[PDB]
Amino acid sequence: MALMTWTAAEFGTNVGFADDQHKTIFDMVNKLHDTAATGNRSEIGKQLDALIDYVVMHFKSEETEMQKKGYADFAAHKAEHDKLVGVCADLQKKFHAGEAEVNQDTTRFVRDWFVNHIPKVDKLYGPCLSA
Ligand SMILES: [Fe+2]
Ligand SMILES: [Fe+2]
């Protein structure tokens with residue numbers, strides 16, 4: 001099974017670009033999850049780095065739109081993004097030093113993060129960003 005399945009009932013924000021970027025994230029996490037069941041460390045690292053770069057770009061996209069529109073919860077929302085980015089960058093520094101491995105607990109963690117963040121945090125910007 002794919003780790004992550006996107007539906008509108010679970011995750012739709014009413015903001016087209018954000019929904020699309022979320023779908024990409026889910027697909028990139030699913031590839032990482034599959035590779036993380038192997039010992040193909042170079043393929044894990046390529047997919048890890050591609051996912052994290054995309055996630056940072058998604059967060060920048062949401063942040064630019066929230067801040068330009070004076071969205072009410074912008075700074076607290078960005079704080080949640082920045083703590084995930086710090087976790088991911090720390091994981092990359094360790095993984096790329098040989099000091100940690102990426103496995104399916106890594107991808108279930110990131111799944112947990114997104115499945116909580118999108119409904120509880122991202123959906124709240126829908127009225128403002130869709131107006
Ligand atoms: Fe998001
Ligand atoms: Fe977000």
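Computation of the quantities below employed the complete heavy-atom set of this structure, encompassing side-chain atoms and omitting hydrogens, waters and symmetry-equivalent molecules. Residue numbers start at 1 and run along the sequence shown.
One hydrophobic cluster, built from ILVMFWY side chains closer than 4.5 Å, cannot hold both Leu84 and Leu124; they sit in different ones. Hydrophobic clustering (ILVMFWY, side-chain heavy atoms < 4.5 Å, transitive): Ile118 and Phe109 are in one cluster. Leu3 and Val55 fall within the same hydrophobic cluster, where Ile, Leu, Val, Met, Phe, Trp and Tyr residues are linked whenever their side-chain heavy atoms come under 4.5 Å apart, directly or through other members. No path of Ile, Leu, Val, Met, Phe, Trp and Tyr side chains, each step under 4.5 Å between heavy atoms, connects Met66 with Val56, placing them in separate hydrophobic clusters. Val121 and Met57 end up in different hydrophobic clusters when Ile, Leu, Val, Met, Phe, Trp and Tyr side chains are linked at under 4.5 Å.
Between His117 and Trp113, the ring planes lie parallel to each other; the angle is under 30°, not in the 30° to 60° tilted range.
Side-chain atoms of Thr7 and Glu10 form a donor-acceptor pair, as typed in the model, at a separation below 3.5 Å. Side chains of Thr38 and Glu43: no donor on one and acceptor on the other come within 3.5 Å.
Taking the side chain to side chain donor-acceptor pair (under 3.5 Å) definition, one finds that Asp19 meets it with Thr13, sequence neighbours left out.
Without hydrogens or angle criteria, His58 side chain to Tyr54 main chain gives no donor-acceptor distance under 3.5 Å. A donor-acceptor pair under 3.5 Å is absent between the side-chain atoms of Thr64 and the main chain of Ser61, judged by distance alone. At least one donor-acceptor pair under 3.5 Å links the side chain of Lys69 to the backbone N or O of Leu129.
Residues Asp53 and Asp49 form no side-chain contact, since every pair of their non-hydrogen atoms from C-beta on lies 4.5 Å or further apart. With a 4.5 Å cut-off on side-chain heavy atoms, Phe17 and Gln21 count as touching. By the 4.5 Å heavy-atom criterion applied to side chains, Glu62 and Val15 are not counted as neighbours. Side-chain contact between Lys31 and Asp34: absent, with no pair of heavy atoms (C-beta onward) separated by less than 4.5 Å. A heavy-atom distance below 4.5 Å is found between the side chains of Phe26 and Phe11. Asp82 has its side chain out of reach of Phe59: every pair of non-hydrogen atoms, C-beta onward, lies at least 4.5 Å apart. When side chains are defined from C-beta on, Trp6 does not count as touching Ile25, because their heavy atoms never get closer than 4.5 Å. Side-chain contact between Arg41 and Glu101 is present, with at least one heavy-atom pair separated by less than 4.5 Å.
Closest non-hydrogen pair, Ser130 versus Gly126, comes out as OG-O, 2.7 Å. Between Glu63 and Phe74 the shortest heavy-atom distance is O-CE1, 3.6 Å. The shortest non-hydrogen separation linking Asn103 to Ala36 is C-CB, 3.7 Å.
Among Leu32, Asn30, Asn40, the one residue that satisfies the side-chain contact (heavy atoms from CB on, under 4.5 Å) test with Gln47 is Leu32.
Under the salt bridge (charged side-chain N to carboxylate O under 4.0 Å, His left out) criterion, the residue pairs touching residues 105-121 are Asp105-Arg108, with sequence neighbours excluded.
The NE2 atom of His33 lies 3.5 Å from the OG1 atom of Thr107; values are rounded to the nearest 0.5 Å. Taking OG1 from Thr106 and CD1 from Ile44, the interatomic distance works out to 8.5 Å, rounded to the nearest 0.5 Å. Atoms NE2 and CG, from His22 and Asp20 in turn, are 10.0 Å apart once rounded to the nearest 0.5 Å.
A salt bridge is defined here as a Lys NZ or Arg NE, NH1 or NH2 lying under 4.0 Å from an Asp or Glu carboxylate O, and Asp27 with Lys23 fails to meet this definition.
Heavy-atom neighbours of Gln67 CD from other residues, nucleotides or ligands within 6.0 Å: at or below the threshold of 12. For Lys123, the NZ atom counts as densely surrounded, since its 6.0 Å shell holds more than 12 non-hydrogen atoms of other residues, nucleotides or ligands.
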Legend entry - side-chain contact (heavy atoms from CB on, under 4.5 Å) assessment of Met4 paired with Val115: CA-CA 9 Å; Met4 296 190 76; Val115 298; 4.1 Å; yes
Inset, instruction - Give the C-alpha distance, both sets of side-chain angles, the deciding distance and a yes or no for side-chain contact (heavy atoms from CB on, under 4.5 Å) between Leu48 and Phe95. - result: CA-CA 10 Å; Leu48 174 73; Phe95 172 84; 3.9 Å; yes
